[PDB]
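Residue numbers (the working numbering), protein chains in the order written: chain A, 62 to 110; chain B, 8 to 57; chain C, 798 to 834; chain D, 1311 to 1360.
No residue lacks a Cβ here, since even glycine has one placed at the ideal position from N, Cα and C.
A short worksheet on the structure shown next.
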């Protein structure tokens, strides 16, 4: 069990090809029309995990 | 041609702050913003021996 | 300046980043002085 | 110091303003570790090489 959870909660610090792993930073540095591209990669990676 | 080359992150910070500033509160769920590091939580007195 | 030789042992460990850590074994990839040279 | 990315607008309209890392609109809200700048003059058909 522990491993299965640990890996999951670690998978939250991976970029998945984006510029950062923190949503607030992306939302505080990029115009929202240009931010869906970055957010999509994170969403896909986390869904896959 | 003029090229600006920033680099973000890292522990210290400088070259910013065209905004205002406010007071500080503890033991209260609150939004915060420290040098661009936003978020939300509850702030106490820490014991981390930095 | 009279040259000689000796081992290196386990010396040359420096704080790579300015971030507090506690009770963890972090794994780092950077330039270090190799052991036992 | 404190940076104001709005004085330079009064200087002149600009041939190209293609920011890369961050969006130019809200540059007055972040904080940077260190900022470097540089300048030079070249022909106008090689600006695409920057």
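8 Å Cβ cut-off: residues of chain B touching residue i
i	result
residue 1319 of chain D	Per Cβ cutoff of 8 Å: no residues; residue 1319 of chain D is ~13 Å from chain B at best.
Alpha-carbon spacing of residue i relative to residue j, whole angstroms
i	j	result
residue 817 of chain C	residue 1326 of chain D	42 Å
residue 1347 of chain D	residue 13 of chain B	9 Å
residue 31 of chain B	residue 40 of chain B	11 Å
residue 51 of chain B	residue 94 of chain A	37 Å
residue 832 of chain C	residue 822 of chain C	19 Å
residue 1355 of chain D	residue 9 of chain B	16 Å
residue 69 of chain A	residue 110 of chain A	7 Å
residue 1321 of chain D	residue 1334 of chain D	17 Å
residue 84 of chain A	residue 798 of chain C	58 Å
residue 824 of chain C	residue 800 of chain C	36 Å
residue 1 of chain B	residue 29 of chain B	The structure shown has nothing for residue 1 of chain B, since chain B only spans 8 to 57.
residue 1316 of chain D	residue 80 of chain A	26 Å
residue 811 of chain C	residue 826 of chain C	13 Å
residue 43 of chain B	residue 25 of chain B	12 Å
residue 86 of chain A	residue 1313 of chain D	20 Å
Partner residues on chain D for residue i, Cβ-Cβ distance less than 8 Å
i	result
residue 43 of chain B	1339, 1340 and 1341
residue 9 of chain B	1347, 1348 and 1349
7 Å CB neighbourhood of residue i in its chain, flanking five on each side removed
i	result
residue 807 of chain C	832
Interface partners of residue i on chain C, CB under 9 Å
i	result
residue 55 of chain B	817 and 819
Neighbourhood of residue i by C-beta, 6 Å cutoff - its chain only, sequence neighbours within 5 removed
i	result
residue 36 of chain B	49
residue 76 of chain A	82
Contacts around residue i, its chain only, beta-carbon distance under 8 Å, and the 5 residues preceding and following it disregarded
i	result
residue 805 of chain C	830, 831, 832, 833 and 834
Proximal chain A residues relative to residue i, where beta-carbon distance stays under 8 Å
i	result
residue 46 of chain B	85
task = Select from the region 85-96 of chain A all residues with a C-beta closer than 8 Å to any C-beta belonging to chain D, and list them in chain order.
result = Look at the region 85-96 of chain A: the residues with a C-beta under 8 Å from a C-beta of chain D are 89, 90, 91, 92 and 95.
ask   = Mind listing which residues of the region 13-26 of chain B have their C-beta closer than 8 Å to chain D's C-betas, in chain order?
value = Taken in chain order, the members of the region 13-26 of chain B whose beta-carbon sits within less than 8 Å of a beta-carbon on chain D are 13, 14, 15, 16, 17, 19, 20, 21, 22, 23, 24, 25 and 26.
query = At a Cβ cut of 7 Å, what residues of the region 804-827 of chain C count as close to chain B, listed as they run along the chain?
reply = For the region 804-827 of chain C, which is checked against every Cβ of chain B, the residues closer than 7 Å are 815, 816 and 817.
ask   = Closer than 8 Å, Cβ to any Cβ of chain B: which residues of the region 1326-1355 of chain D, in chain order?
value = Answer set for the region 1326-1355 of chain D: 1331, 1332, 1338, 1339, 1340, 1341, 1342, 1343, 1344, 1345, 1346, 1347, 1348, 1349, 1350, 1351 and 1352.
3 or more residues per run - each beta strand (DSSP E) lying fully within the region 1314-1360 of chain D = Listed in chain order, they are 1346-1349.
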